[PDB]
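Input: a single structure, listed below in C-alpha cells.
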Amino acid sequence: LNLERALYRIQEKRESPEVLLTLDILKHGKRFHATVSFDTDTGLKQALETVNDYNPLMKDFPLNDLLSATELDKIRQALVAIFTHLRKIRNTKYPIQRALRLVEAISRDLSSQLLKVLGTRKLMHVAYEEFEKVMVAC
Amino acid sequence: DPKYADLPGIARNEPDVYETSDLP
Amino acid sequence: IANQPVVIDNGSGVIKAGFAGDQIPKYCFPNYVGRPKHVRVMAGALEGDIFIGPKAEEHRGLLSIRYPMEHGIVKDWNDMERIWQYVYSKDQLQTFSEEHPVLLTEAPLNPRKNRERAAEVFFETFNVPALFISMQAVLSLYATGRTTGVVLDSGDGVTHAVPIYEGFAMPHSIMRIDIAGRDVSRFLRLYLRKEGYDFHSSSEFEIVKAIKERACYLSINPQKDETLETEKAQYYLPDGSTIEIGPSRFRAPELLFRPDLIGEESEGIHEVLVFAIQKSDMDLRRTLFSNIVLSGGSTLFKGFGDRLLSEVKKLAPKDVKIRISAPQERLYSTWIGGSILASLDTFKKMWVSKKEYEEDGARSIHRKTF
Amino acid sequence: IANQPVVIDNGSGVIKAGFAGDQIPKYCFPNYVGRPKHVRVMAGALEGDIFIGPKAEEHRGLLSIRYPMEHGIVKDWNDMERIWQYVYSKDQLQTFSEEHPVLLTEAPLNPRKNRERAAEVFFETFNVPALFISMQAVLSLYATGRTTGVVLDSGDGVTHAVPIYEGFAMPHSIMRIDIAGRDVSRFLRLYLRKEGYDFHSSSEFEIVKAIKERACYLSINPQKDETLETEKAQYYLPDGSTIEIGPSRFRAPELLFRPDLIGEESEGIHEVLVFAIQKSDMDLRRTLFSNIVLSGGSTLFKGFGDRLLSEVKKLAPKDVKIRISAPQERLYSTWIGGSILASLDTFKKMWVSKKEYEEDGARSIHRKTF
Ligand SMILES: Nc1ncnc2c1ncn2[C@@H]1O[C@H](COP(=O)(O)OP(=O)(O)O)[C@@H](O)[C@H]1O
Ligand SMILES: Nc1ncnc2c1ncn2[C@@H]1O[C@H](COP(=O)(O)OP(=O)(O)O)[C@@H](O)[C@H]1O
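Printed below as a string of C-alpha cells:
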C-alpha cells in the first residue's frame with residue numbers, strides 16, 4: 279500500500295511539467311544522456327504498472343479478521359474470505375515463488391493467531407469437554 | 003556547437019534538417 | 007572493472023574511441039595500418055615499425071597503409087591485433103583491457119565470424135570486463151532522440167540505409183550496402199591518371215581523402231552541370247602544387263547514385279532506401295519520409311541531402327513530405343549514442359560479461375546480438 | 007449496484023463499449039488483437055506487446071493483428087480477458103466489476119460454452135454483481151421504440167434479420183445467419199490479386215475495409231450495372247498511393263444477395279426473411295412488412311435497403327406494402343437500447359445474484375436469457 283501511495287505521490291512529482299520543462303530545455307540542448315537515461319533507464323513506469331497490476335490484490339484484504347477473532351468459526355470463515363480474496367492471481371501476475379513463500383509466511387501468521395487463540399483453555403487438566411469440542415473445531 | 007568546435011571534422015553553414023518545399 | 011565504459015566510435019574509414027557520459031572522445035583517429043618501408047641507417051631514428059597516430063600522421067612518406075576493414079568488413083585479424091595493440095597503448099588508453107568496460111560498435115548485415123574472432127581477441131588476449139557490439143545506427147538515433155527513423159549511414163567503403171521504427175527486429179526491411187569513398191577516392195586516382203597525375207601510394211590516397219573532405223562537393227544537376235563548363239578548382243598540395251579538379255569533385259559521387267560507373271550493379275542509395283521503404287508500410291512510410299537519419303561523414307557534401315531530396319522527390323509520389331535529419335556530427339552521433347547507452351543501468355543485460363563468453367561461446371552473444 | 011450500469015456493445019466486427027443513460031458508447035473499437043511482428047532490441051521503444059486502442063489503431067503492420075470472433079464466435083479467451091482489462095483501463099474505465107452493473111449482448115443461438123466462459127470471466131476474474139447477458143435486436147427495438155419488427159443486424163461476418171413482435175419468443179420463426187462483409191472484403195482481396203494488388207495483411211484488409219465502409223455501395227440493378235464498365239475511381243493509400251476502385255465497390259457486396267459467388271449456398275438473407283414471413287401469419291406478416299429495422303454497421307451503403315426493397319418487390323406478392331426503418335445510429339441503436347434496458351427496474355430480475363448464480367451453474371441464465 280505504501281508502494282502504491284508513494285507511486286502516486288512521486289508519479290505526480292515525476293509528471294510535474296516544470297521538471298519536465300527543464301528536461302525540454304535539456305533535450306533542446308541535446309544532452310540526451312540525462313534525459314534519455316531518466317526516461318528509459320528509470321524502470322519506474324514498470325514498477326508503477328506492476329503495483330497497478332497487484333492493486334486489486336493489495337486492496338481490501340480480510341486479514342484483520344484473523345487478528346480480531348477467537349472463534350474457530352469466525353477464523354475459519356475468515357480463512358475462506360481471505361482465500362477468495364486470493365483469487366486475484368492471473369489478473370495480478372505475482373511471482374510463483376514469491377507467492378508460495380508469501381502465502382507460506384501468511385500461514386505462519388495464521389499459526390501465530392492460532393497460538394493466540396490456543397492460549398486460553400489448557401483442557402489437559404481443566405475440563406475434558408473443552409478438549410473434545412475445541413479440538414474438533416480446531 | 004561547442005562540441006562542433008571541439009572536434010575537427012565538422013563543417014557548418016548547412017541546416018541539419020532538409021525538408022521538401024511542402025506546398026500548402 | 008565496471009567503471010566508465012570505453013565508447014569506441016568505430017568506422018570503416020574512421021575508427022575512433024572515447025567514453026560514456028562524455029561528449030568529446032579523447033582518441034579521435036581514423037582507420038590506417040601503416041609501417042615503414044626503409045632500412046634504419048643512422049641510429050637514433052624514430053621507430054616502432056608499425057606507425058599509427060602522430061607517427062603515421064607525421065611520417066607519411068614511408069608507410070604502407072594497410073586496411074583490414076575492407077568495406078568496413080575486417081579481412082585481416084592480424085591487422086586487428088596491431089590496431090588494438092596501438093589502441094591498447096596507454097598514451098592511446100591510459101588503461102588496461104579490464105580497467106573499463108568496452109563499448110564497441112558494428113554495422114548491420116555482417117557475419118558472425120567477425121564477432122567471434124573479435125570476442126576471442128578482447129576476451130582472451132585482451133580481457134575486457136563487459137562489452138557488447140552492435141549497429142551504430144541505434145546510437146545515432148539515440149543522439150537524435152528519435153526512435154522511428156531510417157538511418158542513412160555511410161562508412162568510407164560503406165554506404166547504407168537502415169530503416170528503423172523504435173529499434174525493431176526488421177532485418178528483412180533493414181538494408182545495408184558496402185561501397186563508398188575509399189573506392190571513390192581510388193576512382194579519383196583514376197581521375198589523376200586521366201589528368202596525368204602519376205600517383206599510386208596510400209599516403210597520396212590520404213591526401214586525396216583530404217581533398218574529398220576538403221576540395222570536393224556536390225551539385226544537384228548531373229547531366230546539366232556535366233554539360234556546364236567547370237572552373238577546374240586548382241588544389242594545392244602541402245608542397246603547394248596546382249591541382250585542377252573540374253567537375254570531377256561532384257562527378258565521382260554520381261557513382262554513389264549511379265553504381266554502374268564503377269561497374270557494380272546496385273540501385274543507388276536513394277533507390278535502395280526506397281526498397282527499404284517498400285518493405286515498410288504506407289502509414290509508417292510517411293513517418294520515415296519525415297524520419298530520415300542521414301549519417302556518416304561520407305554524406306558531407308554541398309546539397310548532398312538536398313540533391314538526394316530532389317532524387318527521392320522524383321522517386322516518392324506526390325504529397326509526400328520528405329524530411330531529413332543530419333547533424334553536423336554524423337560520426338559522434340554514434341559515439342554520443344554509445345556514450346548514453348553505455349551509461350545505462352538496464353545495460354547490464356545489454357552488455358555481455360567476460361566469463362559468459364569464456365563459458366560457452368559467441369553463439370550466445372549472437373543470440374544477444376539480434 | 008447503485009452505479010451506472012455498463013452496457014457492453016459486443017459488436018461482431020466493431021465491439022464498442024459503454025454505460026446506461028448515455029447516448030454515446032464510451033469507446034468504439036473493433037476485434038483487432040495485435041502483438042508486434044518484431045523485437046524491440048533497442049531500449050526506448052513502446053511496451054505492451056498486446057495492443058488494444060490507439061497503440062494498434064495507430065500502428066498496424068508492426069503488430070500481428072488478430073480477430074477471434076469467427077462470425078461473432080470468439081475463439082480467444084485470454085485475449086478477451088485482456089481486452090476487458092483494457093475495458094477497465096485508465097482512459098477506459100478506472101472502475102471495478104463489482105462497482106458496476108454490467109450488461110452483455112449476444113447473437114441468438116450462440117453456444118452455451120461462450121456464456122460459460124463469460125461466467126468464468128465476470129465471476130472469477132471479474133466479479134460483476136449485476137451481470138446480465140442478452141440478445142441484440144431487442145436493444146434496437148428499445149431504441150426505435152418498436153416492439154414489433156424485422157431487425158436486420160449488420161456485422162463484419164454476421165448478418166440476419168430478426169423478425170420480432172412484442173418480444174414474443176419465436177426462435178423457429180426468427181432466423182440467425184453468420185455471414186457479412188468480412189469475406190466480401192477478402193473477396194475483394196481476391197479482386198486485388200485479379201487486378202494486381204499483393205495484399206495479405208489484416209491491416210491491408212482494414213484499409214480495404216476503409217474502402218468498404220467508404221467507397222462501396224449496392225447497385226439496385228445487378229447485371230445492368232455489373233456488365234457495364236466504370237472509370238475505376240482512384241483510392242489513396244496511407245501513403246497516398248493511387249489505387250483504382252473499380253466496379254468491385256458494388257460487385258463485391260452482391261455476394262450478400264448472391265452467396266454462390268463464394269459458392270456457399272444461401273439465399274440473400276432477405277429471402278430468409280421471406281422464410282420467416284412464411285413461418286409467420288398472413289396479416290401479422292403485413293405488420294412486419296411495415297415493421298423492418300436495419301441496424302449494424304454493414305447496412306451503410308448507397309441504395310442498400312432500396313435494392314433490398316426491389317428484391318422483396320420481386321419476392322413479395324401484390325398490394326403488399328412493406329416499410330423499412332434504418333436508424334442513422336445502427337450500431338448505437340443496439341448500444342442506446344441496451345442503455346434503455348439497463349436503465350430499467352424490471353431489468354433487475356433479469357440477472358441472477360452473482361455468487362449464487364455461480365453456484366447455480368450456467369443453465370439458469372441459459373434458460374433466463376430468452
Ligand atoms: N566532407 C566529407 N566528404 C566526403 N567524405 C567524408 C567527409 N567527411 C568524412 N568523410 C568520410 O566519411 C567517413 C566517416 O563516416 P563514418 O560513418 O564515421 O564512416 P567510417 O565507417 O568510414 O568511419 C570517413 O571515413 C571519411 O572518410
Ligand atoms: N460506413 C460503413 N459501410 C459499411 N459497413 C460498415 C460501415 N461502418 C461500419 N461498417 C461495418 O460494420 C461491421 C462491424 O461489425 P459490427 O457491426 O460491430 O458487428 P455487430 O453487428 O455484431 O455489432 C463491419 O462490417 C464494418 O464493415
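Protein chains in written order, with PDB author numbering: chain f, 279 to 416; chain d, 3 to 26; chain F, 7 to 376; chain D, 7 to 376. Backbone N, C-alpha and C fix where the C-beta goes; we use that ideal spot for every residue, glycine too.
Query	Result
For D287(F), does the count of other Cβ atoms within 10 angstroms reach 16, so buried, or fall short, so exposed?	buried
Quick check: what's the CA-CA separation for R152(D) versus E172(D)?	8 Å
Rounding to the nearest angstrom, what Cα-Cα distance links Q229(D) and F307(D) in this structure?	18 Å
Whole angstroms are fine: how far does the CA of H44(D) sit from the CA of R255(F)?	42 Å
What's the call for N133(D), buried or exposed, on a 16-neighbour Cβ count within 10 Å?	buried
Which residues mark the beginning and the end of the beta strand (DSSP E) in which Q98(D) is found?	That residue, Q98(D), is in no beta strand (DSSP E); it is neither H nor E in DSSP.
Find the nearest neighbour of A125(D) within the set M86(D), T101(D), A143(D), judged by alpha-carbon distance.	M86(D)
Roughly how far, in whole angstroms, is the beta-carbon of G161(D) from the beta-carbon of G78(D), given that I think they are within contact range, below 8 Å?	6 Å
Tell me the DSSP secondary structure of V108(D) in three-state form.	strand
Going straight from the alpha carbon of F205(D) to that of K96(D), what length do you get?	35 Å
Where does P11(D) fall in DSSP's three states?	coil
Using the C-alpha atoms, what's the distance from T313(f) back to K352(f)?	55 Å
Can you tell me which of the three DSSP states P333(F) falls into?	coil
Under the DSSP definition of a beta bridge, which residues are partnered with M75(F)?	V80(F)
Using a threshold of 8 Å, is the CB atom of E364(F) nearer than that to any non-hydrogen atom of ligand 1?	no
Do you know how far the Cα of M176(F) is from the Cα of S359(F)?	26 Å
Look at the alpha carbon of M75(D) and the alpha carbon of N16(D), and state the distance between them as a whole number of angstroms.	11 Å
Can you round the beta-carbon distance between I12(d) and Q142(F) to whole angstroms, since I take them to be within the 8 Å contact cut?	Their Cβ separation, rounded to whole angstroms, is 17 Å, which puts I12(d) and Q142(F) out of contact at 8 Å.
Is it buried or exposed, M48(F), if we count other Cβ atoms within 10 angstroms and call 16 or more buried?	exposed
Just the Cα atoms here: how many angstroms apart are residue 6(D) and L110(F)?	Absent from the structure is residue 6(D), since the part of chain D shown begins at 7 and ends at 376.
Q98(F): which of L145(F), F25(F), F138(F) sits nearest, CA to CA?	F25(F)
Given this structure, state the Cα-to-Cα distance separating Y363(F) from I371(F), to the nearest angstrom.	8 Å
How should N15(d) be labelled, buried or exposed, when 16 other C-beta atoms within 10 angstroms of its C-beta is the threshold for buried?	exposed
Could you say which of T318(f), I367(f), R399(f), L393(f) lies nearest to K337(f) if we only look at CA atoms?	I367(f)
When DSSP builds the beta bridges, which residues end up paired with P42(F)?	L69(F)
Pull up the distance between the alpha-carbon of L304(f) and that of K285(F), whole angstroms please.	35 Å
Taking 9 Å as the CB-CB cut-off, is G303(F) touching chain d?	yes
For the stretch 308-320 of chain f, enumerate the residues whose C-beta is nearer than 9 Å to any C-beta of chain D, in chain order.	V314, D317, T318, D319
Is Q142(F) a contact residue of ligand 1, with contact defined as CB to any heavy atom under 8 Å?	yes
Let me know if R257(D) comes out buried or exposed under the rule of 16 or more other beta-carbons within 10 Å of its beta-carbon.	buried
Is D189(D) near ligand 2, with its Cβ less than 8 Å from a heavy atom?	no
I need the boundaries of the beta strand (DSSP E) containing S247(D), first residue and last residue.	No beta strand (DSSP E) contains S247(D), which DSSP labels as neither H nor E.
Near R182(D), which residues of its chain fall below 7 Å by C-beta distance, leaving aside the five closest residues on each side in sequence?	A113, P114, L115, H166
In the DSSP assignment, find the unbroken beta strand (DSSP E) run with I346(F) in it and report its ends.	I346(F) -> not in any beta strand (DSSP E); alpha helix (DSSP H) instead, spanning 338-347.
Quick check on this structure: which residue in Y332(f), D302(f), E410(f), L301(f) has the alpha carbon closest to the alpha carbon of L279(f)?	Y332(f)
Label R123(F) either buried or exposed according to how many other C-beta atoms from any shown protein chain fall within 10 Å of its C-beta, with 16 as the threshold for buried.	exposed
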